[PDB]
There are 2 protein chains.
Amino acid sequence: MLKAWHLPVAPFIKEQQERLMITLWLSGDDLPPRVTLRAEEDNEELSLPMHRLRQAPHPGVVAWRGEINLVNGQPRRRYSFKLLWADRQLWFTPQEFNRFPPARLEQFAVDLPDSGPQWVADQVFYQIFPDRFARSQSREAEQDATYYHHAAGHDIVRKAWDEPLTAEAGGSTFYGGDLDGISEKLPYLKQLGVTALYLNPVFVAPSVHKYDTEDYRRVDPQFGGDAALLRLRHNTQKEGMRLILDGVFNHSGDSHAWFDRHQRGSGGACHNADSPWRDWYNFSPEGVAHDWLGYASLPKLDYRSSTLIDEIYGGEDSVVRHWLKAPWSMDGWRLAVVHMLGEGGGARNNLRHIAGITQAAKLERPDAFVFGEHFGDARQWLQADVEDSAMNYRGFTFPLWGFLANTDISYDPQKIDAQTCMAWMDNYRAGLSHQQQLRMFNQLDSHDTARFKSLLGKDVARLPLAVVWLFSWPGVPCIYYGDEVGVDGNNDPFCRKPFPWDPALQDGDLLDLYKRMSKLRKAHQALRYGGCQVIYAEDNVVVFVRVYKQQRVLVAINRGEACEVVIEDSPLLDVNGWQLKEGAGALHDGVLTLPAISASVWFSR
Amino acid sequence: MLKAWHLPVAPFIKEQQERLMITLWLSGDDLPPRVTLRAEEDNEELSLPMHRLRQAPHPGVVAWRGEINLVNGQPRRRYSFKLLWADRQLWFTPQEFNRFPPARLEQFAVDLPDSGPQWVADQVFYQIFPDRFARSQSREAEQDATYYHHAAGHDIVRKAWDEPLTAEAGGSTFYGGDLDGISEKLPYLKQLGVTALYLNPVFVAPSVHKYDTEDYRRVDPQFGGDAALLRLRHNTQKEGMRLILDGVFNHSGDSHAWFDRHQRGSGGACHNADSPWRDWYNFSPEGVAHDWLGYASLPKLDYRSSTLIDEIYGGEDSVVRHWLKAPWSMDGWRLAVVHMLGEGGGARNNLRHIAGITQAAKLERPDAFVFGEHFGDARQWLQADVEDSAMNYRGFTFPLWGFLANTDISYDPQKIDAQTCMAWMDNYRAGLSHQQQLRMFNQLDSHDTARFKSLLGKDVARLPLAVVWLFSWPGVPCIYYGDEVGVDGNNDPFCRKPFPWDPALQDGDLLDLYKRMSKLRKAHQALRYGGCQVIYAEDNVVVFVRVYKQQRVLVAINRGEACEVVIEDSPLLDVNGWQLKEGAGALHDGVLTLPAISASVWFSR
Ligand SMILES: C[C@H]1O[C@H](O[C@H]2[C@H](O)[C@@H](O)[C@@H](O)O[C@@H]2CO)[C@H](O)[C@@H](O)[C@H]1N[C@H]1C=C(CO)[C@@H](O)[C@H](O)[C@H]1O
Ligand SMILES: C[C@H]1O[C@H](O[C@H]2[C@H](O)[C@@H](O)[C@@H](O)O[C@@H]2CO)[C@H](O)[C@@H](O)[C@H]1N[C@H]1C=C(CO)[C@@H](O)[C@H](O)[C@H]1O
């Protein structure tokens with residue numbers, strides 16, 4: 001019966017003289033005579049009175065306003081609305097109306113003052129698995145050589161760029177991409193709209209993926225060494241691009257001097273009880289060192305050790321800070337396996353240690369961006385503010401895998417409609433403040449998944465829909481290298497093909513779409529800072545609007561046959577008019593005419 | 001269509017040779033050909049296969065079984081069930097079926113090994129506001145005297161036991177109850193079924209409630225001093241009773257030597273910049289010391305200070321440990337204002353400090369029980385395991401206030417039916433492991449609320465329903481002193497009447513009900529350890545079953561007119577028969593015949 005609107009952004013909120021003004025919109029025939037702003041100060045629940053505004057913001061809509069005092073309390077301002085009649089109450093939340101009180105951690109929330117990395121919302125990221133992206137022209141003879149991969153039991157193998165990928169020696173096959181290759185491709189990346197790089201590991205390590213860290217203080221010479229990473233840092237700085245390295249601190253590689261399984265230097269932890277780093281690893285009674293999910297090449301680090309803590313993040317000279325200060329001056333860290341890191345061979349005290357890693361990073365570099373790898377549900381980590389963001393597999397990737405590709409994290413069959421997809425995406429982000437939502441690291445696939453283009457199988461025509469959605473859902477988008485020219489393949493090792501630089505092997509129409517979406521995101525504040533209201537979500541169609549001050553961006557996605565959808569009048573959609581910017585959809589008199597398998601974007605004028 | 005059953009208790013779980021066996025029950029015509037046990041190890045999501053059991057546990061029910069490996073991982077074992085068909089999936093959770101994956105922190109969960117205070121589940125608590133419970137026979141002439149309450153601006157006032165309570169000098173009126181009075185009433189309390197006491201503050205402080213702590217190391221002489229608390233500790237130990245003190249560590253009183261607002265000893269923080277405890281408090285620019293919600297008598301403690309940390313919980317001699325070791329040997333702490341405690345004048349770093357307080361307590365006393373005062377949503381605190389339990393206002397008290405008394409935390413009108421009430425209670429506890437659920441500190445009212453009997457107003461006939469429910473919902477029940485003989489009154493100050501020892505002023509039928517419910521809880525393992533499945537929840541009727549091994553306890557509550565309710569066949573209810581233990585309800589051939597305004601309890605035979 002009753003209708004309500006609120007988003008944690010202007011025009012609904014406004015900061016004014018140490019006060020956060022909060023406005024709620026209501027419409028209906030049985031309007032509550034009172035409305036309480038339920039807010040919070042230092043975790044104490046507050047009942048703040050709201051007053052009816054004289055001016056109707058839109059026809060048939062009543063506005064209520066309250067104020068959060070900003071001089072006291074913690075920066076994250078949580079709130080919801082308690083509608084009050086003579087005999088009853090009803091809550092309005094990020095997940096519509098609730099008959100019983102919402103969870104404290106599923107309210108609306110705004111971070112004021114926001115101390116997070118505010119530049120993230122303005123970025124378009126691009127993830128590069130360096131061995132497979134680009135070989136520098138002044139390439140490597142000594143770094144196209146071979147050596148013995150102890151953990152693998154044999155020599156690494158070299159392959160030419162057009163040699164097909166095989167399941168054989170997946171961690172030991174090198175196509176020879178390097179960091180100067182990335183530098184040389186910055187014009188391509190700038191042309192794509194990319195403003196920021198996330199690199200898979202680049203420190204000294206024997207494998208091709210290099211999560212088996214051997215030296216945390218040196219860049220692998222295979223990728224061009226320290227010199228080539230200094231050049232990449234310079235070249236991205238010159239082009240105004242951000243640069244994030246992969247930080248692998250849950251475990252080291254078993255060839256690291258601290259562990260030294262293959263006794264390259266008398267042995268650290270594995271074959272020495274008096275080793276200096278003996279207590280940096282955990283050894284069972286049964287003789288198996290604790291490792292990452294049973295991979296002996298990845299011995300887990302024991303953060304009970306106060307010397308290890310100092311080495312990774314506690315000290316001024318710690319690894320986390322080393323790469324964030326000059327000459328390196330990286331922009332932050334992607335935290336590999338952020339969720340298992342801890343003490344005693346497991347995740348004991350994990351949240352404290354992640355909080356310490358992030359704190360150490362911001363100490364060296366206040367605007368550093370620290371986000372964690374979360375295949376699972378990151379909400380406990382983000383709700384405790386131990387990191388800025390997560391790889392948003394649960395809140396973005398897997399909803400799209402189910403709705404568009406009928407599959408999921410385990411490649412189990414999925415059958416979810418638009419209702420369920422959007423309930424899923426909105427439930428997840430209800431756990432996050434607006435500022436957190438805007439910096440969630442969103443991607444369609446990664447070096448640890450099958451390529452989304454392949455997951456679509458016979459429904460590959462849906463791929464452009466996911467691209468539009470990637471650039472218009474709250475979060476910072478990350479392109480996985482090659483996705484934009486149509487690279488496909490199954491999961492690891494097959495998701496890491498060498499990038500096809502031959503334009504004959506490139507999907508140019510897909511490339512152009514990525515370019516156009518990056519321009520729209522760069523152009524429109526609501527696509528970077530806006531709130532997000534799902535307007536319509538039924539069967540094959542999702543419609544949502546991004547909202548920022550007076551601006552609106554309407555997005556309509558239709559995964560199935562051509563159809564028409566009626567959009568009820570909404571005060572969020574009450575604009576002078578709409579300009580179609582991308583896609584073939586059409587809007588007229590509240591009727592969306594949506595072609596089959598299409599995504600469309602309108603800007604309000 | 002499909003039906004599913006699972007509770008985190010036998011017969012559904014069983015520990016066997018470092019393995020947790022997990023069984024799921026399914027029934028229906030379109031049963032999934034595969035079921036995945038979604039589990040977790042060191043926060044990594046696991047896909048464990050389940051196999052169909054040959055033996056049907058009950059007619060028409062299929063059983064699936066999986067195993068969690070217990071040798072690795074953290075003690076809290078989280079899991080849910082992923083039902084798999086050829087084209088689709090469906091999740092089974094504590095909140096029934098979900099079409100998208102449940103939250104990590106809303107799964108089933110079992111703590112194995114359980115390091116919490118396992119004795120709590122066996123208790124019946126009784127909360128005593130000491131000034132208002134009982135005056136010792138060898139009473140106090142010097143402690144029936146008067147003195148100057150600086151923070152109040154006048155002398156404390158003394159009142160005779162039958163003098164009515166008034167809003168005047170609510171914090172400064174003393175009826176003279178003391179600790180030896182409690183000792184002398186232990187036979188009454190043992191007769192009631194009480195096995196454990198929670199005392200409001202008893203340390204030296206000028207007010208009657210004594211949350212304005214002046215000396216953390218001494219018992220107030222008004223209550224009989226250190227000697228009388230030693231006697232109470234002895235007498236409860238003799239009677240096999242547990243004893244919990246109120247720990248007020250978010251703030252001190254402003255008369256404490258550390259603060260010393262009234263310069264009783266040259267002044268600590270308030271009137272001295274070189275004070276030893278200057279940095280134990282926070283002073284604004286504007287001249288107002290930071291305090292508890294604007295009460296100058298309660299200056300907030302600044303846990304940034306490393307000396308304060310050592311004094312409260314860090315040191316061997318710290319306040320938290322002092323009262324847990326001999327000669328005091330208390331059984332734990334109720335943490336006042338647990339949610340605001342922190343650094344800098346607010347809740348900054350709250351979770352770390354509460355975790356430290358609990359850790360210090362368990363260091364002194366491994367089975368200590370630490371639970372926090374949570375008027376609001378305690379789930380973030382409990383999900384991070386920073387305390388054992390909470391005063392369960394959000395999960396128990398306020399659901400009953402709405403469903404039975406049409407009101408809520410703010411005394412705002414509520415209109416919720418059985419559906420909403422039970423959705424509320426089950427949603428809250430879905431955030432908690434079974435072991436956490438069993439030790440949630442449940443009560444109908446407190447020294448900080450109106451008496452539930454008064455809140456019921458014209459619906460006071462519903463009071464016995466709340467009593468039955470208090471003893472049969474998962475959690476440890478706490479009787480608020482006088483509730484059991486029918487004491488009423490509005491909120492603070494009027495909720496703290498002197499206990500009516502004259503039997504003419506006592507509701508004896510209500511007393512007897514409390515006695516009988518305590519006997520049933522003591523008698524039946526499912527009322528102390530059992531899982532809990534809501535069987536029926538519509539309009540005025542709530543039916544739930546507690547489940548433990550082969551035993552069942554069925555509870556049916558009807559807040560309205562007499563009615564009949566059909567209970568569908570349930571494999572949880574498939575027993576040899578039912579013995580009615582309390583109430584006038586009747587069960588026959590799946591038909592519950594429930595009198596008006598009634599609660600009934602059956603034991604399976
Ligand atoms: C062993 C494992 O090592 C890396 O996996 C890492 C992830 O890529 C990364 O995102 C990080 O957060 O944590 C992981 C551990 O450090 C390699 O990239 C992976 O290729 C993986 N290699 C294994 C891959 C398997 C199946 O993909 C496995 O069966 C192979 O033996 C290994 O090569
Ligand atoms: C000022 C305040 O002090 C105590 O309140 C405490 C709670 O009882 C207790 O549960 C704890 O966790 O935290 C509170 C602060 O320490 C007294 O018990 C209360 O009576 C309260 N006294 C005030 C009561 C008010 C309304 O009830 C207030 O308007 C009076 O001036 C005060 O007496």
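Lettering follows sequence order; numbering is per chain, from 1.
Contacts between B:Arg348 and chain A at a heavy-atom distance below 4.5 Å involve backbone atoms as well as side-chain atoms. For a residue to count as touching a neighbouring chain, one of its non-hydrogen atoms must lie under 4.5 Å from one of that chain's; by this rule B:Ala423 touches chain A with backbone and side chain alike. Neither the backbone nor the side chain of B:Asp385 has a heavy atom closer than 4.5 Å to any heavy atom of chain A. At a 4.5 Å heavy-atom cutoff, the contact between B:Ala384 and chain A is made by backbone and side-chain atoms alike. Heavy-atom distances place both the backbone and the side chain of B:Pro101 under 4.5 Å from chain A. Proximity to chain A involves both the backbone and the side chain of B:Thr420, based on heavy atoms less than 4.5 angstrom apart. For a residue to count as touching a neighbouring chain, one of its non-hydrogen atoms must lie under 4.5 Å from one of that chain's; by this rule B:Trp292 does not touch chain A. Contacts between B:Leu341 and chain A at a heavy-atom distance below 4.5 Å are absent for every atom of the residue. Residue contact with chain A, scored on non-hydrogen atoms closer than 4.5 Å, involves the backbone and the side chain of B:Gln383 alike.
In this structure, the side chain of A:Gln414 does not engage the main chain of B:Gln89 through any donor-acceptor pair within 3.5 Å.
Within the model, atoms CG of A:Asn349 and CD of B:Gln74 stand 9.0 Å from one another, a figure rounded to the nearest 0.5 Å. Within the model, atoms NE2 of A:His374 and CZ of B:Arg104 stand 9.0 Å from one another, a figure rounded to the nearest 0.5 Å. The structure places CG of B:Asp377 at 8.5 Å from CD of A:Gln107, a figure rounded to the nearest 0.5 Å. Note: B:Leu293 CG to A:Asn72 CG = 10.5 Å, rounded to the nearest 0.5 Å.
For a heavy-atom cut-off of 4.5 Å, chain A lies close to B:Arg34, B:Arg38, B:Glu41, B:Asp42, B:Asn43 in residues 33-43 of chain B.
The candidate with the highest count of non-hydrogen atom pairs below 4.5 Å against chain B, out of A:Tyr428, A:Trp85, A:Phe375, A:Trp381, is A:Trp381.
Every residue two or more places apart in sequence or in another chain was checked for a salt bridge (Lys or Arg N to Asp or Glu O under 4.0 Å) with B:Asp539, and none qualifies. Scored by the salt bridge (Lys or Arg N to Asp or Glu O under 4.0 Å) test, B:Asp408 finds A:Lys82 as partners (sequence neighbours excluded). Taking the side-chain contact (heavy atoms from CB on, under 4.5 Å) definition, one finds that B:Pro94 meets it with B:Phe108, B:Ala430, sequence neighbours left out.
The residues B:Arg394 and A:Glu45 are annotated as salt-bridged, a charged nitrogen and a carboxylate oxygen being separated by less than 4.0 angstrom.
Residue B:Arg99 qualifies as open at atom CZ: its count of foreign heavy atoms under 6.0 Å is 12 or below. Within 6.0 Å of atom CZ in B:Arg88, more than 12 heavy atoms from other residues, nucleotides or ligands are found, so the atom counts as buried in its surroundings. Open room surrounds CD on A:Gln359; 12 or fewer heavy atoms of other groups in view lie less than 6.0 Å from it.
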